[PDB]
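Visitor: Below you will find the structure I want to go over with you.
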RNA sequence: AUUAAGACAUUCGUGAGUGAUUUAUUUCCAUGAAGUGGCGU
């Protein structure tokens, strides 16, 4: 009942600002992971968003999240939040509106993270993901690859990285892996996913401020594509079981929508938190 | 047995709030639905 894995499914474009002064075209850059350079959410922003959703229940917030910043007495937080690392990203396609993109290195990182943290349902997922990765490496033979598993998606083109996907027939994708990584899943090489997720290929949006019809300002914003999947780990310390159960029920309720990041008033960063389903 | 032993620079903290890729710009300028009759001396 500890250190379980939660999956974040974005319902809209997400912008979590990095706060670094970029003097190039994109003034507002999104938050990226320190080691893998993949888009991510810091555990600080995740905790802030989840606290903002739960702020109505004062006792639950005090028990699980800690104390208010201007409370006279300080109370340490009992639940440990972890940074949300990117799992799947949507990529444009011709046969289907989009494909779910994941790389072999992303799968390796996920397997290693699950092994280190020992999630609640980690064993079966680790075994099956290792089998899938071994089959993928056997079929690829060290070459660049783009593998889809639905036979109808053969020859689907990734628009940014103009590579058509091939279907390895003997590599099976289990339904639980489909639920986790997403439907219409394409597994690419590390270089293809790095090119897809870099600053030049992530969606960049142009915005302006108008004063009586004439443009006062202009800036470029980059965002995480809608339907992107991110995963984070949640460890509960010496937290009370009743408050933990309330938190997990509310967080994983299908009617619960959490806003993470910037631009809340223009519908940015709205997502659903799902728990790791038993295999 | 020695101005000694014990002590995490830690707790709480969303890079967030406001922002229309908009304003100005004629698919327009030139151009003949015209030219010629023929044979029967």
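Values in this text are rule-based calculations from the coordinates and carry no lab data.
Visitor: Using just the helices of chain A, give the 222 nm mean residue ellipticity in deg cm²/dmol: DSSP H runs with n ≥ 4 each add -39,500 (n - 2.57), and the total is spread over all residues, rounded to 500. Working shown, then result.
Guide: Working: 7 runs with 78 residues, N = 279.
Result for chain A: -8500 deg cm²/dmol, rounded to the nearest 500.
Visitor: Only Cα pairs under 8 Å and at least 6 apart count here; give the relative contact order of segment A:139-279 as a rounded whole percent. Before the final figure, lay out the partial values.
Guide: Details: 144 pairs, mean separation 20.6, N = 141.
With pairs under 8 Å counted, the relative contact order is 15 percent.
Visitor: Rounded, prolate or oblate: which one fits segment A:114-243, using the alpha carbon gyration tensor with axes a ≥ b ≥ c (rounded when a/c is under 1.5, else prolate when a/b beats b/c, else oblate)?
Guide: Oblate, since a/c reaches 1.5 and b/c is not below a/b.
Visitor: Is segment A:101-185 best put as rounded, prolate or oblate by its Cα gyration tensor, with a ≥ b ≥ c the root eigenvalues, rounded for a/c under 1.5, and otherwise prolate when a/b is larger than b/c, oblate when not? Mind dumping the intermediate values first?
Guide: On the way: a/c = 1.92, a/b = 1.75, b/c = 1.09.
Cα axes put segment A:101-185 in the prolate bin.
Visitor: Let me know the shape class of chain A, please: from the alpha-carbon gyration tensor, a ≥ b ≥ c as square roots of the eigenvalues, rounded when a/c is under 1.5, otherwise prolate if a/b is greater than b/c, or oblate.
Guide: Numbers: a/c = 2.15, a/b = 1.17, b/c = 1.83.
It comes out oblate by the Cα gyration axes.
Visitor: Here is a follow-up. Kirkwood hydrodynamic radius, segment A:30-75, all distinct C-alpha pairs: what's the number in Å? Walk me through the numbers before you get to the answer.
Guide: On the way: mean 1/r = 0.0820 Å⁻¹.
Computed over segment A:30-75, the radius equals 12.2 Å.
Visitor: Let me ask another. Using only the alpha carbons, work out the radius of gyration and Dmax of segment A:125-169 in angstrom.
Guide: 11.6, 33
Visitor: Right, something else. In whole percent, what relative contact order does chain A give with Cα contacts below 8 Å and a gap of six or more residues? Walk me through the numbers on the way to the answer.
Guide: Numbers: 538 pairs, mean separation 98.3, N = 279.
Normalised by residue count, the contact order of chain A is 35 percent.
Visitor: Something else about it: Which percent of Cα-Cα pairs in segment A:1-160 sits in each 10 Å bin, short to long?
Guide: Over segment A:1-160, the share of Cα pairs per 10 Å bin runs 8, 26, 32, 22, 9, 2, 0 percent.
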